[PDB]
Amino acid sequence: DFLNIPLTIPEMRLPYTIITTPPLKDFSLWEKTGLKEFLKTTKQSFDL
Amino acid sequence: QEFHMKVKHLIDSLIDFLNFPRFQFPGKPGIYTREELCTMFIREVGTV
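If you read the sequences in order, they're chains A and B. Residue numbering for the first sequence follows the UniProt record's numbering, starting at 3124 and increasing by one per position. Residue numbering for the second sequence follows the UniProt record's numbering, starting at 4180 and increasing by one per position.
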């Protein structure tokens, strides 16, 4: 469930350079990448 | 003369390029600019 959380990443600045990383609004790796839809789940639960 | 012009312009650009970025350390909360962090380090070194 922590992966489904849309973490809001701000716009920081990398040291020793002028490259400014774009902010990431509502970043959910489990969902934005599309894995939630493919696996049709939000967690892992396997029984063997 | 052209070389001196290029050199002085490069120095002027480098001053901004060096005073532009900031820093963010885990032990020091918040983002510290170049001059503020430099002054804090000067004060800590001086008092120690």
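Where is the CB? At the ideal position from N, CA and C, for every residue including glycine.
From the beta carbon of residue 4208(B), is the nearest beta carbon of chain A less than 8 Å away?
Residue 4208(B) does not count as touching chain A.
C-beta neighbour in chain B for residue 3145(A), strict 8 Å
Chain B places no beta carbon closer than 8 Å to that of residue 3145(A), leaving this residue out of the contacts.
Sufficient close CB pairs (3 or more, under 8 Å) joining the stretch 3148-3158 of chain A to the stretch 3124-3133 of chain A
Counting Cβ pairs under 8 Å, three or more are found: they touch.
Using 8 Å as the threshold, is the stretch 4191-4202 of chain B in touch with the stretch 4212-4226 of chain B, meaning 3 or more CB pairs across them?
With the cut-off at 8 Å, the stretch 4191-4202 of chain B and the stretch 4212-4226 of chain B touch.
Can residue 3142(A) and residue 4196(B) be called in contact, C-beta distance under 8 Å?
In this structure, residue 4196(B) does not lie closer than 8 Å to residue 3142(A) by Cβ.
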